[PDB]
Amino acid sequence: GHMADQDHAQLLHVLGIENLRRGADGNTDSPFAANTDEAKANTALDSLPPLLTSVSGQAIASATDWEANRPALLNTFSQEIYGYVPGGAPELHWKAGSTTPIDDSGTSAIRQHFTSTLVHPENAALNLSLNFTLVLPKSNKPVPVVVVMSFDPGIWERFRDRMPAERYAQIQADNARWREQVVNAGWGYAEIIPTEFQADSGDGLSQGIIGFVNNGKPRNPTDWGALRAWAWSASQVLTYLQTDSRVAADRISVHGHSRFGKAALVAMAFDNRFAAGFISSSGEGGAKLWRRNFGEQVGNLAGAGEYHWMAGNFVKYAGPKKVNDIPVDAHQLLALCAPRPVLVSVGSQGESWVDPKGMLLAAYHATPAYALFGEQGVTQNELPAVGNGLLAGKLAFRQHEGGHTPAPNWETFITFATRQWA
């Protein structure tokens with residue numbers, strides 16, 4: 001849309017940036033196609049920022065030192081990468097309807113819809129109606145709940161009449177399956193559609209929650225973008241869930257896939273109340289190291305089509321700065337989740353855009369922070385055989401046998417979280 005283009009252009013003007021390097025293309029016949037040749041993907045890894053040097057420039061030698069550095073390290077991710085949550089972000093007050101059984105079987109599993117209304121003090125066109133759906137298995141005790149970020153299912157339906165049908169059937173089956181796997185494990189889930197909180201476009205940056213807080217004005221370059229706002233939305237659901245006696249307050253997980261996998265990891269790192277993370281095929285801007293040249297590139301995320309995911313400040317790393325200059329990398333983002341358990345998940349079929357091994361490497365290079373806490377992580381720097389999970393530490397990696405989908409790793413994640421919480 002033209003508004004994304006206009007805001008992007010004004011952002012470059014505000015940072016004093018003439019040109020950005022192009023992003024990569026995904027089709028291999030293009031001159032700009034992404035590198036997928038492992039031999040050409042590691043030039044920048046020598047500038048990898050030292051995980052265990054604090055922002056003050058001291059050596060980090062203990063769990064205590066890592067926690068003392070955490071706010072400063074988060075602050076760098078806020079100003080330069082994902083943006084600050086403004087203090088003006090409001091409290092969400094939720095109203096719930098009645099519970100209804102999830103199916104007519106006589107299960108005691110229930111569904112309940114929650115709504116929060118925000119009236120803007122100045123401009124009613126910024127008003128918001130925000131939602132999540134809670135699903136709980138029946139239990140005599142508080143149950144774990146995974147906060148789930150989903151793609152708007154109105155999208156599968158808009159295109160039901162135009163899809164191969166084998167594939168529509170398979171998406172619908174996967175969508176039903178994880179819901180059943182969660183409940184059968186004695187977990188509930190709390191589902192949000194993130195794009196109802198903040199649109200997935202620069203067009204919407206003056207709308208949604210970012211626009212509400214900004215009174216419909218353009219972002220300053222240190223303000224949150226969409227990933228951080230989606231993570232904030234998940235965090236507000238966790239805040240509700242910790243007031244609900246049906247929920248185990250120390251076993252609220254977060255999950256998202258693809259662009260929501262990026263957001264879920266941002267949530268995991270920034271909100272240490274989340275008890276476990278299922279981070280699926282997140283890629284560039286998520287668990288993939290920026291300094292890998294493999295699949296999606298910084299120029300993709302600094303460009304008009306995806307910059308809205310990021311702080312405005314981030315686009316400088318595609319222009320007057322290079323990937324080598326990013327003050328942090330994805331191993332520090334995973335490290336920020338320590339000591340809490342995180343599964344980095346990716347498929348094996350058609351996943352080059354997210355760089356399976358660059359995510360592995362992020363976990364590998366994050367692990368010395370988990371080690372400070374007496375915990376284990378990822379200890380090899382090459383991909384295991386597909387399907388062989390590195391599942392023993394609090395920081396874990398499993399590449400499954402499928403494509404760009406989380407469905408083959410829900411079983412692994414639920415089992416993993418249960419074992420790591422014991």
# chains A, B, ... in the order shown; residues from 1 in each chain; ligands from 1
$ select_by_dssp --residues "region 137-238 of chain A" --states "strand (DSSP E)" --output "list in words"
residues 143, 144, 145, 146, 147, 148, 149, 188, 189, 190, 191 and 192 of chain A
$ residues_around --residues "residue 334 (chain A)" --least-positions-apart "6" --cutoff "9 Å" --atoms "only C-alpha atoms" --output "MDAnalysis selection string"
chainID A and resid 265 268:269 287 342 362:363 366:367 395
$ residues_around --residues "residue 113 (chain A)" --least-positions-apart "3" --cutoff "9 Å" --atoms "only C-alpha atoms" --output "mmCIF file with C-alpha atoms, in the first residue's frame"
data_model
loop_
_atom_site.group_PDB
_atom_site.id
_atom_site.type_symbol
_atom_site.label_atom_id
_atom_site.label_comp_id
_atom_site.auth_asym_id
_atom_site.auth_seq_id
_atom_site.Cartn_x
_atom_site.Cartn_y
_atom_site.Cartn_z
ATOM 1 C CA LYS A 95 -14.793 -8.819 29.797
ATOM 2 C CA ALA A 96 -15.719 -12.481 29.329
ATOM 3 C CA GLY A 97 -18.824 -14.235 28.108
ATOM 4 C CA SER A 98 -20.153 -17.560 29.300
ATOM 5 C CA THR A 99 -18.305 -20.844 28.935
ATOM 6 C CA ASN A 131 -10.071 -10.349 21.651
ATOM 7 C CA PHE A 132 -8.750 -13.678 22.758
ATOM 8 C CA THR A 133 -10.324 -17.118 23.098
ATOM 9 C CA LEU A 134 -9.575 -19.286 26.094
ATOM 10 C CA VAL A 135 -9.882 -23.078 25.872
#
$ residues_around --residues "residue 122 (chain A)" --least-positions-apart "3" --cutoff "9 Å" --atoms "only C-alpha atoms" --output "PDB file with N, CA, C and O atoms, in the first residue's frame"
ATOM      1  N   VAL A 119     -11.361   3.092  24.138  1.00  0.00           N
ATOM      2  CA  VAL A 119     -11.927   4.305  23.566  1.00  0.00           C
ATOM      3  C   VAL A 119     -10.818   5.343  23.504  1.00  0.00           C
ATOM      4  O   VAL A 119     -10.189   5.648  24.520  1.00  0.00           O
ATOM      5  N   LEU A 126      -9.585   5.737  16.212  1.00  0.00           N
ATOM      6  CA  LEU A 126      -8.527   4.912  16.771  1.00  0.00           C
ATOM      7  C   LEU A 126      -9.044   3.889  17.788  1.00  0.00           C
ATOM      8  O   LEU A 126      -8.253   3.107  18.329  1.00  0.00           O
ATOM      9  N   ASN A 215      -1.605   8.506  19.110  1.00  0.00           N
ATOM     10  CA  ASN A 215      -2.630   9.461  18.708  1.00  0.00           C
ATOM     11  C   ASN A 215      -2.694   9.590  17.183  1.00  0.00           C
ATOM     12  O   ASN A 215      -2.983  10.659  16.661  1.00  0.00           O
TER      13      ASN A 215
END
$ closest_residue --among "A:40, A:182, A:194, A:151" --to "residue 415 (chain A)" --atoms "only C-alpha atoms"
A:182
$ residues_around --residues "residue 375 (chain A)" --least-positions-apart "3" --cutoff "7 Å" --atoms "only C-alpha atoms" --output "VMD selection string"
chain A and resid 370 to 371 393 to 394
$ closest_residue --among "A:10, A:405, A:379, A:391" --to "residue 350 (chain A)" --atoms "only C-alpha atoms"
A:405
$ select_by_dssp --residues "region 51-213 of chain A" --states "helix (DSSP H, G or I)" --output "count of residues only"
62
$ closest_residue --among "A:407, A:89, A:125, A:136" --to "residue 111 (chain A)" --atoms "only C-alpha atoms"
A:136
$ residues_around --residues "region 289-303 of chain A" --least-positions-apart "5" --cutoff "7 Å" --atoms "only C-alpha atoms" --output "PDB file with C-alpha atoms, in the first residue's frame"
ATOM      1  CA  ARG A  21      20.431  -2.192   0.064  1.00  0.00           C
ATOM      2  CA  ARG A  22      17.807  -4.307  -1.682  1.00  0.00           C
ATOM      3  CA  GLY A  23      16.385  -7.348   0.009  1.00  0.00           C
ATOM      4  CA  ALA A  24      16.790 -10.850  -1.322  1.00  0.00           C
ATOM      5  CA  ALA A  34      19.019 -15.516  -1.469  1.00  0.00           C
ATOM      6  CA  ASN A  35      22.197 -17.468  -0.875  1.00  0.00           C
ATOM      7  CA  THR A  36      21.541 -21.104   0.032  1.00  0.00           C
ATOM      8  CA  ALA A  41      26.956 -17.939   4.546  1.00  0.00           C
ATOM      9  CA  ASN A  42      29.460 -17.293   7.327  1.00  0.00           C
ATOM     10  CA  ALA A  44      30.079 -12.033   8.967  1.00  0.00           C
ATOM     11  CA  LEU A  45      30.143 -14.474  11.909  1.00  0.00           C
ATOM     12  CA  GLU A 284      15.343 -13.565  10.045  1.00  0.00           C
ATOM     13  CA  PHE A 314      16.549  -0.848  12.550  1.00  0.00           C
ATOM     14  CA  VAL A 315      16.504   0.227   8.899  1.00  0.00           C
ATOM     15  CA  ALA A 318      20.520  -1.979   5.671  1.00  0.00           C
ATOM     16  CA  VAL A 323      24.871  -6.525   9.374  1.00  0.00           C
ATOM     17  CA  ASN A 324      28.335  -6.561  10.970  1.00  0.00           C
ATOM     18  CA  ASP A 329      22.452 -10.825  17.432  1.00  0.00           C
ATOM     19  CA  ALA A 330      19.901 -13.616  17.817  1.00  0.00           C
ATOM     20  CA  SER A 352      15.844 -22.130   3.343  1.00  0.00           C
ATOM     21  CA  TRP A 353      14.235 -18.683   3.754  1.00  0.00           C
ATOM     22  CA  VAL A 354      14.527 -19.072   7.575  1.00  0.00           C
ATOM     23  CA  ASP A 355      18.005 -20.657   7.517  1.00  0.00           C
ATOM     24  CA  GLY A 358      21.584 -20.218  11.369  1.00  0.00           C
ATOM     25  CA  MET A 359      18.907 -20.777  13.978  1.00  0.00           C
ATOM     26  CA  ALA A 362      22.068 -18.977  17.412  1.00  0.00           C
TER      27      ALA A 362
END
$ closest_residue --among "A:186, A:197, A:348, A:413" --to "residue 152 (chain A)" --atoms "only C-alpha atoms"
A:197
$ residues_around --residues "residue 386 (chain A)" --least-positions-apart "6" --cutoff "9 Å" --atoms "only C-alpha atoms" --output "number ranges by chain"
A: 347-348, 398-401
$ write_last_selection --atoms "N, CA, C and O atoms" --output "short mmCIF file (atom, residue, chain, number, x, y, z; two decimals), in the first residue's frame"
data_model
loop_
_atom_site.label_atom_id
_atom_site.label_comp_id
_atom_site.auth_asym_id
_atom_site.auth_seq_id
_atom_site.Cartn_x
_atom_site.Cartn_y
_atom_site.Cartn_z
N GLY A 347 11.27 -26.78 10.02
CA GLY A 347 11.07 -27.93 9.16
C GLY A 347 12.32 -28.27 8.35
O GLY A 347 13.41 -27.72 8.55
N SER A 348 12.16 -29.20 7.43
CA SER A 348 13.27 -29.61 6.58
C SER A 348 12.97 -29.50 5.09
O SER A 348 13.89 -29.64 4.28
N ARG A 398 14.86 -28.71 17.45
CA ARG A 398 14.46 -29.88 16.68
C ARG A 398 13.96 -29.47 15.31
O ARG A 398 12.96 -28.76 15.20
N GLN A 399 14.66 -29.94 14.28
CA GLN A 399 14.22 -29.81 12.89
C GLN A 399 13.40 -31.03 12.53
O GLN A 399 13.90 -32.16 12.57
N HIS A 400 12.14 -30.82 12.20
CA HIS A 400 11.23 -31.91 11.90
C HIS A 400 11.24 -32.25 10.41
O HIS A 400 11.97 -31.67 9.61
N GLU A 401 10.39 -33.20 10.03
CA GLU A 401 10.41 -33.77 8.70
C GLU A 401 9.52 -33.04 7.71
O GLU A 401 9.52 -33.40 6.53
#
